[PDB]
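Chains as they are written, first to last, in the deposited numbering: chain G, 225 to 270; chain E, 9 to 387, 396 to 474; chain F, 9 to 474; chain B, 23 to 401, 410 to 510.
Backbone N, C-alpha and C fix where the C-beta goes; we use that ideal spot for every residue, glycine too.
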Amino acid sequence: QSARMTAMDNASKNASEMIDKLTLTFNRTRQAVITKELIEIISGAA
Amino acid sequence: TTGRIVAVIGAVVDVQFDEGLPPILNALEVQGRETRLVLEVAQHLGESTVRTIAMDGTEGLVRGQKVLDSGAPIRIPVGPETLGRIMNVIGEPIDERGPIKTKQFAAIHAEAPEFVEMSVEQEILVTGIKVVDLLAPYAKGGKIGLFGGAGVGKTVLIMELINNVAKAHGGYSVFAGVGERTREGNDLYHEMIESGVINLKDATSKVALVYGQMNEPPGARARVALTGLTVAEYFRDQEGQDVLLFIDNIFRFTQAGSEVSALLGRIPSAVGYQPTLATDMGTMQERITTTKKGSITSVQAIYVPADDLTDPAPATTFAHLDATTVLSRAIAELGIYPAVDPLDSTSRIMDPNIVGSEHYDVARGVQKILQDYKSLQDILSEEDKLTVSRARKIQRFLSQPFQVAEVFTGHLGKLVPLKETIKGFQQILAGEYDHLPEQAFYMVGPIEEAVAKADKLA
Amino acid sequence: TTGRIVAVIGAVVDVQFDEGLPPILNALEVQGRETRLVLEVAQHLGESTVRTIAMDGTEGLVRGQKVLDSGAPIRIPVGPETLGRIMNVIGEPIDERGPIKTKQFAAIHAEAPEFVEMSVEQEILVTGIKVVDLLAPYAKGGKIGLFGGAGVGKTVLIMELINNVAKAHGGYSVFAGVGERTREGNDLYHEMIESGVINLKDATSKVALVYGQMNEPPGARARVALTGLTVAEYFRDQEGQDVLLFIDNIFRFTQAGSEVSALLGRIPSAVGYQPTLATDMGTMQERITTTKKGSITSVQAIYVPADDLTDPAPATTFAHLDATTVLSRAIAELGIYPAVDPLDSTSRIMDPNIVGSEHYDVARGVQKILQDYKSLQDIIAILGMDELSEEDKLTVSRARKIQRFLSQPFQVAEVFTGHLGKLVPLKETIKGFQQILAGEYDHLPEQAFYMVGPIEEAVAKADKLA
Amino acid sequence: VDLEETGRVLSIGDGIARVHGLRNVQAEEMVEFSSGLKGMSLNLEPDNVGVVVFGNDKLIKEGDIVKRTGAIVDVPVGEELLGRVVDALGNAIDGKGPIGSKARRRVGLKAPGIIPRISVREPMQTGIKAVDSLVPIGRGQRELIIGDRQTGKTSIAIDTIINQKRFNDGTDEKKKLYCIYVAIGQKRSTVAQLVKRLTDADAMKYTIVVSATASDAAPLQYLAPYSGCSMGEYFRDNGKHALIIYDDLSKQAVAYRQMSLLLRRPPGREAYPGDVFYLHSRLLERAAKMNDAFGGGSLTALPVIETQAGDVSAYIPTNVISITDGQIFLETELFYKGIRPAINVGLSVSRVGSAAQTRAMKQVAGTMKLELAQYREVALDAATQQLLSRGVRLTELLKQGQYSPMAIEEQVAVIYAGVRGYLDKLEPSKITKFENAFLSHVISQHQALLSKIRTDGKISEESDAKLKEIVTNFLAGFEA
């Protein structure tokens, strides 16, 4: 019961750090997609 | 001199002048139209032609229609007579009360104060609100990001701020609705009348209203923050006041700038924003500051697109912010009002050097004990039990009855002086009132009322 | 005859000629400059006007300024007296040691060796670097590429290779600094004087230096690699000798091209690059090659923009290489140096018929265990190693030891590691990883395998711990 | 009328003025507008000149007269600028009157090549323990300060400036370090508060502040770093030593991106132009250490970059890392925990600074470097119990307040205690308190040892044995 309490505490912490890491990757990708689409539109118009 | 319209493409109008051309930013008046149509010069195209952005709709315009150069940028009424009134971006009354009879008018494009005019003095603008003053204090000349959507008591906080700054310091307020929903513009106006911050019968009004509504062209919504700024600048630079400026919404200021840039054919930057994103923001924000004459302090409601704090719009705005007020639904549902999250709201002037050593310690003590209470929520000893009951009494003493919510509730609203706030939370941390009950600390003003609430209810 | 400048924007200068128009690639000489300013003809625009690319700054140029046609492309000194010397893009001495009195000059534009000139010889070049020798060995006369994001270890690796290969090598070397740090050139030059591979008193120098660094405008950065190549081409062909060519950093060639392309008004390609990215790269890379006439062992450091290996610059570079060493920031941050990605570094000679079945089997065995460890990263990142089966725990423990045994102290990086540099014989590299895979050191702690040379050092290190 | 020396504005309204005439104007020549604004001749075309405007374009109209100055964009340089706050063009903005400078330098001058240089060898002392011990900076070096907003970036630069007072109060010009603080894109209030701080610390007298703030036109923000750099090169090339801070290059790049998109140049990553690397590369290359034949002077640079959420792998961050000679990385998580300065030791690097560290520091810091590298994986058996016990106390010695940068010998004394093992028996929570009590003791009592370490730049066996006794006898004296 102590070991499970321990391991799950650490797992929940690892999950937290992964959520942050993934959310950052998500948002960089989110911004990059918008920027890339716009650059293709601008290039076609010019 | 009189020019002629040579092009109309949506809210973009080109005008040819025979003699000297109107400089960029000059207001032009379109001749022969029912209401007033102002065109702001944006570019000199060459061949005696300027490109302008329209401040109202352009339907019905004919090529060759006469246009008058005013000789200056948009000029609006400035003075005491703006208080209690609603004007638009070009300074016209929109409250159907007649002309705004000021003895001065002022250009809405004005350079930010020069380096030599800067004040190095860091001063707390006392709001009289316990959550704000103690933990995330406002700085004179600073910018505060106001977070939270609706239903978290935003407008009541705004109205109490206006009420308190005028009552404590003697400084007036300016509200700029940038992309104001017309329905909500009406609601706010009538709520302000009910609270008493606007008085329609005498000259005691505490706010001047400037509205740039959503159904107005990009040019109007882009410039309305400047109009509000100009009204505020009068009270600072002519009357030596510490002025409050509300901007609701700063993102809609950015958005309108993006739309104007798009309409002028400027190539979009990252994420579709104007290439001038940072300078558009800077030339506006830098006018909000402490000078030798006084200060304009600004509370700016922040929308974060896609909940992405790294989005260019909020990222660029954050560079100019000195503090945050986070209004929370979780804090509201707990019955604590104002619904300000006491841990999420921060301030750059929360420093033992700027604010008192007594201010910093108590506030750090309140922060620690609220975080430690959340740590002990998961799970107590005699020391842990002592920290739990202290923190729960601190949660309640952060709540406050507002003067603005007096006719609605009946409960007497309170303005709490700074030192009364500090010593109130100081006497709870020391366990001096752990002898007394818990709910005696809920919805009171100065600590003397919490003692009396325990003296009466024993 | 004479031309007149009609337009200037950054590196791009338009010139109108009244009599006789210079062909594309000709070097033009701008009249009246304090230091030689060369314009290279890029296009004929029409109306007797050419579009050119400047080899130095264009500040101070005026419309109407006279320009002369040299009647040839940029020509540079080539031959034995380039050895020990430093030259710039246009073959000028930049070492304050006077004229480079070669007997011959060469144009910096030459056509690539033809298909008939190709050599199919594939012989291993042992580096003494464990990761490279084991998994993605270099070949003599082969094309080697070192891929890396900002700060991960490209230059340290190229410097270690100069330390490990050049001294064992019997021939000449050419180093081309392309869009990198000027102070890195100063370091290299003076270290070569100190060691004696450059001799200022005698004709015994074994290295020729060519530099066009990140202080230079883009025309210079785009052409300086060609200058370096031309110097090497001479030694390969007119001397039929084994040449080593080191380039730091070849990405800078393509980046410089992107800057000029923007000024030439081309419709841009993907990610804002020049539409000519691949052909420009091909015309340059195809000259960096061994031929039947002579050997060039080439090592090119390759910068990776925003760590993105799919960026058109690095992505197009891969197919120009016989061996690739791909560095990883994630690996560097774990403390593994050199920060080689063992599952993304390849070699054409990684073939049982070339390196022998033993070498091949151990290499593939190492890669299998590393890949098996990799595709458990998802579960490990969440729950840790303790949730895995005994089978998977065994593969994780060995893979982690292998990861560490792939790290190695470099003679060149002693200030940063704190350890004396190590060079490991190929047979010892094979044997060490063979023993780990066999489970011979399953009992030893992981840290024992970190930053050592041969496997015996990992044994000795573990003995001191327990 | 004089189409050779003068021109007329054809159009204006995208930060660029198109001007007819100016037939004799040079590429990159400064021109003067009727209104008094300055501009740079950027684009020489057959029928017009494209001019970048160093101010608000509201002040320029079609038909306005534009005049040649005959000079490639330049700025005043010299010692007259010390103690002054100037804009990007070098005009006084502090109301303190005329600046006497007679000489001028081109803002775009190319950095010295290979031969004029020599390896960095002289310490550029910050007075910040974490930096001077673990990330040492030499004179001539470029060292990036990088981190998220509000992580302590500017504070590193300010303490470094203030630190130089001890050398600048001397008479040996070779040991002195003249400072230049370039503010780009900042709030005017922030810069004002900055100069006030420098003035209070008596540091303003050897500092030049160049300021192009948030409300200044983008071309002024673009220019500011180059102008400041030229003011720095004055010292570099006069056989003296200057330090320049670019605060910050992220905002300069944003300003340049504005200019570039308005010029309709093709954008790439994050809509930045392809020459955004070169924008920073040509600038930072100019920080250099000169050989003795060139006077032996130096310019040291501390560029500042702001990251989003700790991401150093983004375009502009990686660009500048690929230019500078290492980085000091400030981390939000550390700053949040109260670790100040919030320097991530493991992620920070000095590529060339070890040769620019005193032997005295080289000694005690090399073993601290080792003892912290052995602590960054153990963070119980006795073998790892010592590695953890030492690492937490050493981490406590790396904490430091603002505005009191430390003498190198004072830094060597405090680090000496932790490395030799005079903090092991003391608890981690009381190390900070011990250090300040120990420092006042060595200053008041043992000036002879601190003076000797400072002069010799080394801890000899006599100095080591003498220092051994002092820390032992104070540790016994130190109670609570």
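When burial is assigned at 16 or more other CB atoms within 10 Å of the CB, is residue i buried or exposed?
{"i": "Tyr242/F", "result": "buried"}
{"i": "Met167/E", "result": "buried"}
{"i": "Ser203/F", "result": "exposed"}
{"i": "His198/E", "result": "exposed"}
{"i": "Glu104/E", "result": "exposed"}
{"i": "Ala456/F", "result": "buried"}
{"i": "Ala467/B", "result": "exposed"}
{"i": "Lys300/F", "result": "exposed"}
{"i": "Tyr446/B", "result": "buried"}
Strictly below 7 Å CB to CB, what residues from chain B border residue i?
{"i": "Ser266/F", "result": "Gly296"}
Helix, strand or coil for residue i per DSSP?
{"i": "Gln293/F", "result": "helix"}
{"i": "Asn96/E", "result": "coil"}
{"i": "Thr502/B", "result": "helix"}
{"i": "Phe441/F", "result": "helix"}
{"i": "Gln455/F", "result": "helix"}
{"i": "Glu67/B", "result": "coil"}
{"i": "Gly302/F", "result": "strand"}
{"i": "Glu51/B", "result": "strand"}
{"i": "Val374/F", "result": "helix"}
{"i": "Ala115/E", "result": "strand"}
{"i": "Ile265/G", "result": "helix"}
Under DSSP, the beta strand (DSSP E) around residue i begins and ends at which residues?
{"i": "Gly72/B", "result": "71-75"}
{"i": "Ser78/E", "result": "74-81"}
{"i": "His427/F", "result": "Unbroken run through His427/F: none, as it is neither H nor E."}
{"i": "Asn34/E", "result": "34-38"}
{"i": "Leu131/B", "result": "Looking at the DSSP string, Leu131/B is not in any beta strand (DSSP E), and its letter there is neither H nor E."}
For the alpha helix (DSSP H) that residue i lies in, which residues bound it at each end?
{"i": "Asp394/F", "result": "No alpha helix (DSSP H) contains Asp394/F, which DSSP labels as neither H nor E."}
{"i": "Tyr242/E", "result": "226-245"}
Using a cut-off of 9 Å between C-beta atoms, extract the partners of residue i located in chain B.
{"i": "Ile263/G", "result": "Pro288, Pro289, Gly290, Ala293"}
Using a C-beta to C-beta distance shorter than 7 Å, which residues of chain G count as neighbours of residue i?
{"i": "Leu391/F", "result": "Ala235"}
{"i": "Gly280/E", "result": "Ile258, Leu262"}
{"i": "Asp400/F", "result": "Chain G residues near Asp400/F: none, gap ~17 Å exceeds 7 Å."}
So which residues of chain F does residue i contact, with C-beta pairs closer than 9 Å?
{"i": "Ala269/G", "result": "Here the premise fails: no neighbours, minimum Cβ distance about 11 Å."}
{"i": "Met242/G", "result": "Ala389, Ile390"}
In chain F, which residues lie less than 7 Å from residue i when you measure between Cβ atoms?
{"i": "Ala133/B", "result": "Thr190, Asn223"}
{"i": "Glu353/B", "result": "The contacting residues do not exist; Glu353/B stays about 13 Å from chain F at best."}
{"i": "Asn251/G", "result": "Going along chain F, no residue has its Cβ under 7 Å from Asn251/G, so there is no contact; the nearest lies around 15 Å."}
Name the chain B residues whose beta carbon is nearer than 8 Å to that of residue i?
{"i": "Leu248/G", "result": "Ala331, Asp333"}
Which residues in chain G sit within 8 Å of residue i, going by Cβ to Cβ distance?
{"i": "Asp64/E", "result": "By Cβ distance, chain G contributes nothing, its closest Cβ being about 29 Å from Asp64/E, past 8 Å."}
Give the interface partners of residue i over in chain F, defined as CB-CB distance under 8 Å, in chain order.
{"i": "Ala49/B", "result": "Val16, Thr66, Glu67, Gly68, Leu69, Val70"}
(Q) Across the region 248-264 of chain B and the region 97-111 of chain B, are there enough close Cβ pairs to call them in contact, namely three or more that are closer than 8 Å? (A) The region 248-264 of chain B vs the region 97-111 of chain B: in contact.
Q) Is there contact between the region 49-65 of chain B and the region 79-93 of chain B, where contact requires at least three CB pairs shorter than 8 Å? A) Segments in contact, yes.
Q: Pair every Cβ in the region 269-288 of chain E with every Cβ in the region 240-252 of chain G, then say whether three or more of these pairs are closer than 8 Å.
A: Not touching, per the Cβ criterion.
Q. Hey, is the region 221-239 of chain B in contact with the region 105-118 of chain B, meaning 3+ C-beta pairs nearer than 8 Å?
A. Taking one beta carbon from each stretch, the region 221-239 of chain B and the region 105-118 of chain B have 3 or more pairs nearer than 8 Å; the two touch.
Q | the region 104-113 of chain F / the region 328-340 of chain F touching (three or more Cβ pairs under 8 Å) | A | Segments in contact, no.
Q.
Taking contact to mean 3 or more Cβ pairs, one atom from each stretch, closer than 8 Å, check whether the region 14-21 of chain F and the region 84-92 of chain F are in contact.
A. No, the region 14-21 of chain F is not in contact with the region 84-92 of chain F.
Q: Determine, using beta-carbon pairs with one atom in the region 131-149 of chain E and one in the region 296-312 of chain E, whether at least three such pairs fall under 8 Å.
A: Contact between the region 131-149 of chain E and the region 296-312 of chain E is present, with at least three C-beta pairs closer than 8 Å.
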